[PDB]
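Residue numbers (the deposited numbering), protein chains in the order written: chain B, 1 to 135, 141 to 611; chain A, 1 to 135, 141 to 612.
Each residue gets a CB set at the ideal place from its N, CA and C atoms; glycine is no exception.
Okay, so here's the structure we're looking at.
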Amino acid sequence: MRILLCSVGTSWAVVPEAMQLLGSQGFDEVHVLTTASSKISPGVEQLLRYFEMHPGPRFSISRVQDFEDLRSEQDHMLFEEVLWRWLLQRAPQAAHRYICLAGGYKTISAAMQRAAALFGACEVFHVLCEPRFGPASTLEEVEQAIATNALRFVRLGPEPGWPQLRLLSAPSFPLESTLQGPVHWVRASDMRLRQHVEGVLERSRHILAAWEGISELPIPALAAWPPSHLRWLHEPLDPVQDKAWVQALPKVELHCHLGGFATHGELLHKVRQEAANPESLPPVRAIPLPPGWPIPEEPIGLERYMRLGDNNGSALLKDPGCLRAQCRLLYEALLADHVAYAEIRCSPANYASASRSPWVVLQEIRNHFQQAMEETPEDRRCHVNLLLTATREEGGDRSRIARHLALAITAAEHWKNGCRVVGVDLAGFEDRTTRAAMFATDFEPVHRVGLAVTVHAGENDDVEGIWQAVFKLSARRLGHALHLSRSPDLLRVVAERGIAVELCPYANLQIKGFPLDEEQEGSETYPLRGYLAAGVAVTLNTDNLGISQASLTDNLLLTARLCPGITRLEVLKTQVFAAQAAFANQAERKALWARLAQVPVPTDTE
Amino acid sequence: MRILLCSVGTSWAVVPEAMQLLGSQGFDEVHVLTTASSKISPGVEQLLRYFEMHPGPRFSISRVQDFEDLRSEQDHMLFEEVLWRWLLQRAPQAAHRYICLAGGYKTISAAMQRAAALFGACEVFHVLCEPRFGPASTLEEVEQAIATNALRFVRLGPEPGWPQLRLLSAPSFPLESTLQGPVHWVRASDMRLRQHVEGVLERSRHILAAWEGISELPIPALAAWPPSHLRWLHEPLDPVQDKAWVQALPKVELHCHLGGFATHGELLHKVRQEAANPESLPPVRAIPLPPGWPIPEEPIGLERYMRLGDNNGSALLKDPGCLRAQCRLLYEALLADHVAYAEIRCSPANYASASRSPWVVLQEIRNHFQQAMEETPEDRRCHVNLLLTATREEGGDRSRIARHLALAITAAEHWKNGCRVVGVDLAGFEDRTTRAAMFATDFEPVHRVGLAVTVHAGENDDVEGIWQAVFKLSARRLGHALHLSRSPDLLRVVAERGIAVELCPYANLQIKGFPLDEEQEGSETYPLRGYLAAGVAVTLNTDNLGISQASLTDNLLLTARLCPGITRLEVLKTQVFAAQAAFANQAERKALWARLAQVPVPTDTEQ
Ligand SMILES: [Zn+2]
Ligand SMILES: [Zn+2]
């Protein structure tokens, strides 16, 4: 197959001369684009007459409707778009597409070659004839010109096109044609093809501009962003102007307690009113929040923080209806926060009763979350995985811990799809009596069945606890752990081994307290920026959605006030770190990475 | 500023009409490019007169030498080069470009728009004049056209250009311009600008084509490869045809023993001749290699493999000259194999004498490697780091282990640059009563000082040892972990925790005897492909360059015979895994990544 596409102007003789580029071999078919002007109807009929007395290849003299003369830029734009559709329709394959530049206006030939470059062409050429004819314009003059070898062919060279423009097909952008005899009259209903081409070229420019430095982008899909947007990422995050952008971000939640979600306000009452046994509901205790909540004047400490959530949890979630409401409302909050992957921490043995074993509670929690996931479309679905919290308490009791670890080992094998149990969370009481090595023997069965481990080291400013968690419990993640910089060896080990650090900005500020909205960083600042500079995989989390009274968006924005000059690219980097640190399998991680590629487009850049 | 660029054919009147695109303000500069045809000279004179009157803006008429008539493709390509260089020189800034395509041939106008789209242009426009003049071609007709508003402008739209094409400058691609009055006659010395532009567009097409599957490429620089080369990457590796390509690869070595390098032959002889005390050299023991070496008919086992290296090691490297020769020759072998990063395992206490403490020996080893490194250019330098091997022994002897661990702890903080000690290797004799957990107490200081641990599983078919290495010794890498698949939980843990598996193809074949050139798979194959499919970070190493008689290239090519249908992209993946698993710091890792981005170009991508 060899198809020749040739525009024609007043000089109809260009097409028969362009027919002779390949010599006696000729073209399998030639298709001619034409305008609607009346100055070229004699040329069109002469072309038809020449085609009649040189038959064998397919012929088309398709004329562009509503295009008489170049009045303004709109005529050129319409002609270009109709050219693109006609080129797709008549020469679907660029491997054998021959394009002639002779006919038409100067802009017509320039658009001919521009379309050749955009979509690809086997050869782009121009035909010239020596001016030694007349008393070629007529049939006999053209025949004499070809017989006497009076044709010059300048081949501008083959055009490879563009990778994502060569796959465009005629059905995607159809060209409506009205027959007026042996001549087609073509028109276009819209400018879809031109808009698609311009968007493609803009994206190609963005990718090629961001190509040098793609390894520094946490999300590779960001290379298609405009350079202004990429410069916007490296700017410091603005906590008030980036509310919408952070809100729309697909986020990863790795440290969220189920029992600390609907602890006060309207959510607590919504959970309570769904109880299956309202007469067994405990009275709502008066738990006054510290003034300025969620940003207290003075840090309140771990004891007061945990007491703030006394209205929900073991007291409330022993009711099956309260538990179901808690799970469904937590999933609704996750969907409202655009969380794409979440790991929820629960204590099923804390909610067990005489007739409801901890396995029953865990199965109910998992099924509630699975039903919530299934009721949600794939595009905006939040995948929820379960971590079981092994709480260590002052006193030495270890039977609830044994129940929780055994429950995790059983559930890790039970559910292989959907909501899964993916790890254990060693949490509870901070002291040198309840450090990691004390429970290092308890977690050998957890390591045998390939269950991941995360460890709270929140309150105790004890480097030894973090070291024991990393090396005696084989913890893959560390909860809080705000004093890694105290031991440079420990910080280097955490960064080298890929152990993720779960930071909870609002909860850390409420419990510990950090300098806020400071222009300079030193000796007291939130360690997020230093951890990132040290190569630590840092994740930002909510800890307790209810007690802290802040969502994931609020925590991400509070990182702007906690760390001076933290860039929003660093927010994306924390999201990527959390995606990598998730206790997810290959399918879950693939879905999460597909979700993370859809970074919201910023507004009011520069 | 606003600079106008125009072409002139037989109708010189296009330029005066094009000067009125903006209106009464006009353009600050009006530059004219045309050919050397004799039919243009009257038009050039008319344009010169029209530039003499209205002396407002700056003018320049450029005539293209060596171009008279559009005869063939050579004329068009020469004109294109003159156009590109003239556009770069006259209008350096794309935001100040107003390119008119009214004049010249059809190809000239098409080249006008092509150059505008390539290097960027603030406006591309065409001017049309009504035919109601004449009996505009003369000065009076042109003036009447300007006054009576008979011109139409078709502004094709601004051209952004290409990001790496609009940064080009005139000095890089100058024009040979000669003056014949007020007219410039310009010509191009060669075709350099076209070659640069074609290379840029070809690379851009390659990047955009591979943009979709860029997350599937272990090295991001591979997206600039031609699509045929990337389809070649996914084809199975050919041990015979891909020899040169694998040899040219920048490689990472993570499992290479210093004492098993010059164990026989010319290298052993050279290490012996470099002895400082030749009279104290032990006699060369008669150690016949198994037939078919390096590929024996049957596996020989770990005992025979270790006995193959009896001519070197402790018995020979106690001599300072022999040690220096061994280190320098090992570095030269690493350079000849294009290894970019290496971790050499040594046992300094094995080579210590009465007057030479293990610290002296380790310092000498480190200084020899650092001197070898410093004498190599940075672009070719192989960074060498040292791992100290704590060899486990039956009978409970643990003084040498204590010495090696203490030596590693001291040396880890001693050297912060160049060659440095970065970890410990737990090797030796693996039996049920030598398992990893037996030594968890010994390695607490190593974890305290943040030294990485690799566990050297050897002569065993046990998964409990691997489990204890992972969870009791906190091993970051595992050597010869050829039985991970037998425990699915252990394989999942190894893949999930990012624990690298150090595979030594030739050594594993020689010690355990995996099948070669088998049809597809099954119950005996080298577990490399199975590990890769399970998400395990797999690295391919030499183990002992001397005992195995194989370089890193030889092992990489042997993986093609060991694992049927393994793709060379998986070889690149193993290199990336070794780079990620190295016990390197930020600077070493950055240099290693820079060296890995230079993947050799394939040669046989024609099928
Ligand atoms: Zn917590
Ligand atoms: Zn070895």
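Requested in this report: Determine the direct distance from the alpha carbon of A:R90 to that of A:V606, and round the result to whole angstroms.
Outcome: For the purposes of this step, residue 606 of chain A is taken as residue 601 along the second sequence, with counting starting at 1. For the purposes of this step, residue 90 of chain A is taken as residue 90 along the second sequence, with counting starting at 1. Annotation: A:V606 to A:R90 spans about 38 Å, alpha carbon to alpha carbon.
Query raised in the report: Taking Cβ positions only, does B:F476 come closer than 8 Å to chain A?
Result: Taking the first residue of the first sequence as position 1, residue 476 of chain B is located at position 471. By this cut-off, B:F476 is an interface position.
Report task. Please report the residue range of the alpha helix (DSSP H) in which A:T579 lies. Result -> Locating residue 579 of chain A in the second sequence gives position 574, where the first residue counts as 1. 573-586 is the span of the alpha helix (DSSP H), which, as asked, contains A:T579.
Query raised in the report: Under a CB-based cut-off of 8 Å, is A:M443 close to chain B?
Result: Residue 443 of chain A sits at position 438 when you count from the first residue of the second sequence. No, because no Cβ of chain B sits closer than 8 Å to the Cβ of A:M443.
Report task. Give me the Cα-Cα distance between B:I151 and A:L574, rounded to the nearest whole angstrom. Result -> Indexing the first sequence from 1 puts residue 151 of chain B at position 146. Indexing the second sequence from 1 puts residue 574 of chain A at position 569. Roughly 55 Å separates the two Cα atoms.
Report task. Using a Cβ-Cβ cut-off of 8 Å, state whether B:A110 counts as contacting chain A. Result -> In the first sequence, counting from the first residue as 1, residue 110 of chain B sits at position 110. For B:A110, the answer is yes, since a Cβ of chain A falls inside 8 Å of its Cβ.
Query raised in the report: Does the Cβ of A:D447 lie closer than 7 Å to at least one heavy atom of ligand 1?
Result: One-based indexing of the second sequence puts residue 447 of chain A at position 442. Every heavy atom of ligand 1 is 7 Å or more from the Cβ of A:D447, so no.
Query raised in the report: Curious, which full-length beta strand (DSSP E) runs of at least 3 residues does the region 56-124 of chain A contain?
Result: 58-64, 97-100
Query - Ordered list of beta strand (DSSP E) runs contained in the region 191-234 of chain A, each at least 3 residues - result: none
Query raised in the report: Is the closest heavy atom of ligand 4 to the C-beta of A:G484 under 7 Å?
Result: Judged by which ligands are present, ligand 4 is missing from the structure shown, whose ligands are ligand 1 and ligand 2.
Query raised in the report: So the beta strand (DSSP E) B:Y356 belongs to, where does it begin and stop?
Result: Counting from 1 along the first sequence, the entry for residue 356 of chain B is found at position 351. First-last for B:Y356: undefined, no H or E at that position.
Query raised in the report: Do B:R482 and B:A500 have their CB atoms nearer than 8 Å?
Result: Within the first sequence, the letter at position 477 stands for residue 482 of chain B. Within the first sequence, the letter at position 495 stands for residue 500 of chain B. The answer is no: Cβ separation not under 8 Å.
Report task. Note down, in chain order, every chain B residue with its Cβ under 7 Å from the Cβ of A:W216. Result -> For the purposes of this step, residue 216 of chain A is taken as residue 211 along the second sequence, with counting starting at 1. Chain B residues near A:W216: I212.
Query raised in the report: B:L393 by DSSP, collapsed to three states: which one?
Result: In the first sequence, the residue the question calls residue 393 of chain B occupies position 388. Note: B:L393 maps to strand in three-state DSSP.
**Report entry** Cβ-based burial, B:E217 [other Cβ within 10 Å; buried from 16]
**Finding:** Residue numbering aside, residue 217 of chain B sits at position 212 when the first sequence is read from its first letter. B:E217 comes out exposed.
Requested in this report: Could you work out which residues of chain A lie near B:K106, taking near to mean beta carbons separated by less than 7 Å?
Outcome: Position 106 of the first sequence, counted from the first residue, corresponds to residue 106 of chain B. Those within 7 Å of B:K106 in chain A are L101, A102, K106, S109, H126.
Requested in this report: Could you tell me which of B:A115, B:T107, B:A116 sits nearest to A:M112, measuring between CA atoms?
Outcome: Numbered from 1 along the second sequence, position 112 holds the residue referred to as residue 112 of chain A. If we check each option's Cα against that of A:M112, B:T107 comes out closest.
Query raised in the report: Just how far apart, CA to CA, sit A:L489 and B:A480?
Result: Reading the second sequence from its first residue, position 484 is the one you call residue 489 of chain A. Reading the first sequence from its first residue, position 475 is the one you call residue 480 of chain B. The straight-line gap from Cα to Cα measures roughly 21 Å.
**Report entry** 8 Å Cβ shell around B:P244 - same chain, five flanking residues per side excluded
**Finding:** Translated into the one-based positions of the first sequence, residue 244 of chain B becomes position 239. Closer than 8 Å at the Cβ level, and outside the excluded window around B:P244, lie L562, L563, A565, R566.
Query raised in the report: Using a C-beta cutoff of 8 Å, does B:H239 count as contacting chain A?
Result: Counting from 1 along the first sequence, the entry for residue 239 of chain B is found at position 234. With 8 Å as the cut-off, B:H239 does not count as an interface residue toward chain A.
Query - Neighbour-count burial assignment, A:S220, 16 or more Cβ in a 10 Å radius - result: The residue labelled residue 220 of chain A in the question sits at position 215 within the second sequence. So A:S220 ends up on the exposed side.
Requested in this report: Given a cut-off of 8 Å, decide if A:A117 and A:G162 are closer than it, judged by their beta-carbon atoms.
Outcome: Along the second sequence, read from residue 1 onward, the residue named residue 162 of chain A stands at position 157. Along the second sequence, read from residue 1 onward, the residue named residue 117 of chain A stands at position 117. Between A:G162 and A:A117, the gap from beta carbon to beta carbon reaches 8 Å or more.
Report task. Leaving aside the five residues before and after B:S11 along the sequence, list all residues of the same chain whose C-beta is less than 8 Å from its C-beta, in chain order. Result -> Here the question's residue 11 of chain B lines up with position 11 in the first sequence. If we look at B:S11 and ignore the five residues flanking it on each side, its Cβ neighbours are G43, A102, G103, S142.
Query raised in the report: Helix, strand or coil for A:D430 per DSSP?
Result: The residue given as residue 430 of chain A occupies position 425 in the second sequence. Three-state DSSP puts A:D430 in a strand.
Query - Residue environment, B:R71, which counts as buried when at least 16 other CB atoms sit within 10 Å - result: The residue you call residue 71 of chain B lines up with position 71 of the first sequence. With fewer than 16 Cβ atoms within 10 Å of its Cβ, B:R71 is classed as exposed.
Query - Cβ neighbours of B:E123 in the same chain (closer than 7 Å, five flanking residues each side left out) - result: Numbered from 1 along the first sequence, position 123 holds the residue referred to as residue 123 of chain B. If you ignore the 5 residues before and after B:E123, its C-beta comes within less than 7 Å of the C-beta of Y98, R160, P163, all in its own chain and listed in chain order.
Query raised in the report: Between A:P299, A:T34, A:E203, which lies nearest to A:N513 when the distance is taken from Cα to Cα?
Result: One-based indexing of the second sequence puts residue 513 of chain A at position 508. Looking at the Cα atoms, A:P299 is the closest of the given residues.
Query raised in the report: Using a Cβ-Cβ distance under 8 Å, would B:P168 count as near chain A?
Result: Looking up residue 168 of chain B in the first sequence gives position 163. Interface residue, yes.
Query raised in the report: Counting along the chain, where does the beta strand (DSSP E) carrying A:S528 start and finish?
Result: The residue you call residue 528 of chain A lines up with position 523 of the second sequence. It is not in any beta strand (DSSP E) - A:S528 carries neither H nor E in the DSSP assignment.
Requested in this report: Kindly confirm or deny that the region 587-607 of chain B and the region 62-81 of chain A touch, where touching means at least three C-beta pairs closer than 8 Å.
Outcome: no
Report task. Using a Cβ cut-off of 8 Å (strictly closer), state whether A:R482 contacts chain B. Result -> Counted from its first residue, the second sequence places residue 482 of chain A at position 477. Not an interface residue.
Query raised in the report: Which residues of chain B have a Cβ atom closer than 9 Å to the Cβ of A:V159, listed in chain order?
Result: For the purposes of this step, residue 159 of chain A is taken as the residue at position 154 of the second sequence. Taking a Cβ-Cβ threshold of 9 Å, the residues of chain B close to A:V159 are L70, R71, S72, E73, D75, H76, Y105, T107, in chain order.
Query raised in the report: Which chain A residues sit within Cβ distance under 7 Å of B:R90?
Result: For the purposes of this step, residue 90 of chain B is identified with residue 90 of the first sequence, where counting begins at 1. None at all; the shortest Cβ gap to chain A is about 20 Å.
**Report entry** Assumed close pair B:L478, B:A441 - CB separation to whole angstroms, cut-off 8 Å
**Finding:** One-based indexing of the first sequence puts residue 478 of chain B at position 473. One-based indexing of the first sequence puts residue 441 of chain B at position 436. The beta carbons of B:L478 and B:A441 sit about 5 Å from each other, so the pair counts as a contact at 8 Å.
Query raised in the report: Which partner residues does A:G484 have in the DSSP bridge list?
Result: Stepping through the second sequence from its first residue, residue 484 of chain A is reached at position 479. In the DSSP output, where bridge partners are listed per residue, A:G484 has A:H461, A:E507.
Query - Sequence-distant residues of the same chain with beta carbon closer than 8 Å to B:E399, five excluded per side - result: Taking the first sequence and counting its residues from 1, the one referred to as residue 399 of chain B is at position 394. Cβ neighbours of B:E399 beyond the five flanking positions: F434, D436, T438, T439.
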